[PDB]
Amino acid sequence: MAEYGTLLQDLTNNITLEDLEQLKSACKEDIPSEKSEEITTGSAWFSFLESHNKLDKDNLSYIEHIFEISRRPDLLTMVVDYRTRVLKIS
């Protein structure tokens, strides 16, 4: 659980204001436009993905897809690498 939140913060730091707009566009169908106006940070965008039951805490294949279609292998890698590390932890 803490690892999930931690990842979101690590991702947020690697998201620019322009990328945020692109990410909001990527999830324009998942997050209501009224709620996309409430987004000021990457962490806000992430919090709506949780609030709207779009990104699972354990299943991060959703956000990996979003980063794929957003053309950010870097952000995708952050999730894949981190998630793998968490899976290794036992």
# chains A, B, ... in the order shown; residues from 1 in each chain; ligands from 1

call {"tool": "residues_around", "arguments": {"residues": "residue 62 in chain A", "least_positions_apart": "4", "cutoff": "12 Å", "atoms": "only C-alpha atoms", "output": "short mmCIF file (atom, residue, chain, number, x, y, z; two decimals) with N, CA and C atoms, in the first residue's frame"}}
result
data_model
loop_
_atom_site.label_atom_id
_atom_site.label_comp_id
_atom_site.auth_asym_id
_atom_site.auth_seq_id
_atom_site.Cartn_x
_atom_site.Cartn_y
_atom_site.Cartn_z
N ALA A 26 -5.07 11.97 -21.99
CA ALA A 26 -5.04 10.52 -22.11
C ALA A 26 -6.17 9.88 -21.32
N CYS A 27 -6.46 10.43 -20.15
CA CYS A 27 -7.56 9.94 -19.33
C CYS A 27 -8.72 10.93 -19.32
N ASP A 30 -11.74 8.87 -18.67
CA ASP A 30 -11.78 8.24 -17.35
C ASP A 30 -12.02 9.27 -16.25
N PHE A 46 -3.27 11.65 -10.26
CA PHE A 46 -3.17 10.29 -9.76
C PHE A 46 -4.29 9.98 -8.76
N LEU A 49 -7.44 9.09 -10.45
CA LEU A 49 -7.36 7.74 -10.99
C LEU A 49 -7.71 6.70 -9.93
N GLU A 50 -7.34 6.98 -8.69
CA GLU A 50 -7.74 6.15 -7.56
C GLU A 50 -9.20 6.39 -7.20
N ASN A 53 -11.63 4.77 -9.41
CA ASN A 53 -11.41 3.34 -9.54
C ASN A 53 -10.87 2.98 -10.92
N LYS A 54 -9.88 3.75 -11.38
CA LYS A 54 -9.30 3.54 -12.70
C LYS A 54 -7.95 2.85 -12.60
N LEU A 55 -7.13 3.30 -11.66
CA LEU A 55 -5.84 2.68 -11.41
C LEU A 55 -5.85 1.88 -10.11
N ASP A 56 -5.70 0.56 -10.23
CA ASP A 56 -5.67 -0.31 -9.06
C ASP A 56 -4.36 -0.15 -8.29
N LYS A 57 -4.42 -0.40 -6.99
CA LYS A 57 -3.25 -0.22 -6.13
C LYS A 57 -2.21 -1.31 -6.37
N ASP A 58 -2.67 -2.48 -6.78
CA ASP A 58 -1.78 -3.61 -7.02
C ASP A 58 -1.57 -3.84 -8.51
N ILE A 66 -1.31 3.90 -19.96
CA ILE A 66 -1.48 5.34 -20.10
C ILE A 66 -0.16 6.02 -20.45
N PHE A 67 0.91 5.59 -19.81
CA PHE A 67 2.24 6.14 -20.07
C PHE A 67 2.75 5.70 -21.44
N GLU A 68 2.36 4.50 -21.85
CA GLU A 68 2.68 4.02 -23.19
C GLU A 68 2.07 4.91 -24.26
N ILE A 69 0.76 5.14 -24.16
CA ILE A 69 0.04 5.93 -25.16
C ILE A 69 0.35 7.41 -25.02
N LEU A 76 6.68 5.03 -17.80
CA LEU A 76 6.32 3.62 -17.87
C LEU A 76 7.35 2.75 -17.16
N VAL A 79 7.26 2.72 -13.37
CA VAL A 79 6.24 1.84 -12.82
C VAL A 79 6.66 0.38 -12.90
N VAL A 80 7.10 -0.03 -14.08
CA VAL A 80 7.48 -1.42 -14.32
C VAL A 80 8.63 -1.84 -13.41
#

call {"tool": "residues_around", "arguments": {"residues": "range 10-12 of chain A", "least_positions_apart": "4", "cutoff": "9 Å", "atoms": "only C-alpha atoms", "output": "PDB file with N, CA and C atoms, in the first residue's frame"}}
result
ATOM      1  N   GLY A   5       1.589   4.425  -3.027  1.00  0.00           N
ATOM      2  CA  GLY A   5       1.630   5.868  -2.818  1.00  0.00           C
ATOM      3  C   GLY A   5       3.011   6.430  -3.131  1.00  0.00           C
ATOM      4  N   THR A   6       4.046   5.707  -2.717  1.00  0.00           N
ATOM      5  CA  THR A   6       5.420   6.127  -2.965  1.00  0.00           C
ATOM      6  C   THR A   6       5.693   6.269  -4.457  1.00  0.00           C
ATOM      7  N   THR A  16       5.879  16.893 -15.988  1.00  0.00           N
ATOM      8  CA  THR A  16       5.839  18.340 -16.164  1.00  0.00           C
ATOM      9  C   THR A  16       4.409  18.838 -16.327  1.00  0.00           C
ATOM     10  N   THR A  41      -1.818  19.397  -9.940  1.00  0.00           N
ATOM     11  CA  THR A  41      -0.562  18.662  -9.853  1.00  0.00           C
ATOM     12  C   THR A  41      -0.701  17.265 -10.443  1.00  0.00           C
ATOM     13  N   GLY A  42       0.429  16.590 -10.626  1.00  0.00           N
ATOM     14  CA  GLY A  42       0.430  15.196 -11.050  1.00  0.00           C
ATOM     15  C   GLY A  42      -0.194  14.297  -9.990  1.00  0.00           C
ATOM     16  N   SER A  43       0.043  14.630  -8.726  1.00  0.00           N
ATOM     17  CA  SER A  43      -0.505  13.861  -7.616  1.00  0.00           C
ATOM     18  C   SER A  43      -2.024  13.967  -7.569  1.00  0.00           C
ATOM     19  N   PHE A  46      -3.273  11.649 -10.263  1.00  0.00           N
ATOM     20  CA  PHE A  46      -3.174  10.286  -9.757  1.00  0.00           C
ATOM     21  C   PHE A  46      -4.290   9.984  -8.764  1.00  0.00           C
ATOM     22  N   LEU A  75       8.377   7.229 -17.741  1.00  0.00           N
ATOM     23  CA  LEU A  75       7.365   7.077 -16.703  1.00  0.00           C
ATOM     24  C   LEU A  75       6.854   5.644 -16.635  1.00  0.00           C
ATOM     25  N   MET A  78       9.462   3.596 -14.864  1.00  0.00           N
ATOM     26  CA  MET A  78       9.395   3.869 -13.432  1.00  0.00           C
ATOM     27  C   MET A  78       8.411   2.935 -12.740  1.00  0.00           C
ATOM     28  N   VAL A  79       7.262   2.720 -13.371  1.00  0.00           N
ATOM     29  CA  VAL A  79       6.237   1.843 -12.818  1.00  0.00           C
ATOM     30  C   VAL A  79       6.657   0.381 -12.904  1.00  0.00           C
TER      31      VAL A  79
END

call {"tool": "closest_residue", "arguments": {"among": "A:59, A:36, A:64, A:18", "to": "residue 4 in chain A", "atoms": "only C-alpha atoms"}}
result
A:59

call {"tool": "atom_distance", "arguments": {"atom1": "CA of residue 60 in chain A", "atom2": "CA of residue 28 in chain A"}}
result
18.5 Å

call {"tool": "select_by_dssp", "arguments": {"residues": "chain A", "states": "helix (DSSP H, G or I)", "output": "VMD selection string"}}
result
chain A and resid 2 to 12 17 to 26 33 to 36 42 to 51 61 to 69 73 to 88

call {"tool": "closest_residue", "arguments": {"among": "A:3, A:74, A:29, A:37", "to": "residue 86 in chain A", "atoms": "only C-alpha atoms"}}
result
A:3

call {"tool": "decode", "arguments": {"residues": "range 57-72 of chain A", "atoms": "N, CA and C atoms", "output": "mmCIF file, in the first residue's frame"}}
result
data_model
loop_
_atom_site.group_PDB
_atom_site.id
_atom_site.type_symbol
_atom_site.label_atom_id
_atom_site.label_comp_id
_atom_site.auth_asym_id
_atom_site.auth_seq_id
_atom_site.Cartn_x
_atom_site.Cartn_y
_atom_site.Cartn_z
ATOM 1 N N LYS A 57 -4.415 -0.403 -6.988
ATOM 2 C CA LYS A 57 -3.253 -0.224 -6.126
ATOM 3 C C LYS A 57 -2.211 -1.306 -6.375
ATOM 4 N N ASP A 58 -2.673 -2.483 -6.783
ATOM 5 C CA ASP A 58 -1.784 -3.613 -7.022
ATOM 6 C C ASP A 58 -1.572 -3.842 -8.513
ATOM 7 N N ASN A 59 -2.641 -3.690 -9.287
ATOM 8 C CA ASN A 59 -2.569 -3.853 -10.735
ATOM 9 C C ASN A 59 -2.263 -2.529 -11.424
ATOM 10 N N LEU A 60 -1.004 -2.344 -11.805
ATOM 11 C CA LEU A 60 -0.542 -1.062 -12.325
ATOM 12 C C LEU A 60 -0.421 -1.095 -13.843
ATOM 13 N N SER A 61 -1.032 -2.101 -14.459
ATOM 14 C CA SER A 61 -1.012 -2.237 -15.910
ATOM 15 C C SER A 61 -1.779 -1.104 -16.580
ATOM 16 N N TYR A 62 -2.728 -0.527 -15.851
ATOM 17 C CA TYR A 62 -3.490 0.613 -16.348
ATOM 18 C C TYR A 62 -2.581 1.802 -16.628
ATOM 19 N N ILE A 63 -1.839 2.227 -15.610
ATOM 20 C CA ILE A 63 -1.016 3.426 -15.711
ATOM 21 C C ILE A 63 0.165 3.208 -16.647
ATOM 22 N N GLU A 64 0.608 1.959 -16.750
ATOM 23 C CA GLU A 64 1.622 1.585 -17.729
ATOM 24 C C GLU A 64 1.121 1.801 -19.151
ATOM 25 N N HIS A 65 -0.120 1.400 -19.403
ATOM 26 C CA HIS A 65 -0.761 1.654 -20.688
ATOM 27 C C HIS A 65 -0.869 3.149 -20.964
ATOM 28 N N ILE A 66 -1.306 3.900 -19.959
ATOM 29 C CA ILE A 66 -1.479 5.341 -20.098
ATOM 30 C C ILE A 66 -0.163 6.022 -20.454
ATOM 31 N N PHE A 67 0.914 5.592 -19.806
ATOM 32 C CA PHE A 67 2.238 6.141 -20.071
ATOM 33 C C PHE A 67 2.752 5.703 -21.436
ATOM 34 N N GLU A 68 2.361 4.504 -21.855
ATOM 35 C CA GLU A 68 2.679 4.017 -23.191
ATOM 36 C C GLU A 68 2.068 4.909 -24.264
ATOM 37 N N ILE A 69 0.765 5.144 -24.159
ATOM 38 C CA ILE A 69 0.044 5.926 -25.156
ATOM 39 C C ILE A 69 0.352 7.412 -25.017
ATOM 40 N N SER A 70 0.912 7.791 -23.873
ATOM 41 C CA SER A 70 1.357 9.162 -23.656
ATOM 42 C C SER A 70 2.779 9.366 -24.162
ATOM 43 N N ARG A 71 3.372 8.301 -24.689
ATOM 44 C CA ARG A 71 4.711 8.375 -25.263
ATOM 45 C C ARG A 71 5.737 8.793 -24.217
ATOM 46 N N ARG A 72 5.696 8.140 -23.061
ATOM 47 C CA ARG A 72 6.686 8.370 -22.016
ATOM 48 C C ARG A 72 7.219 7.055 -21.462
#
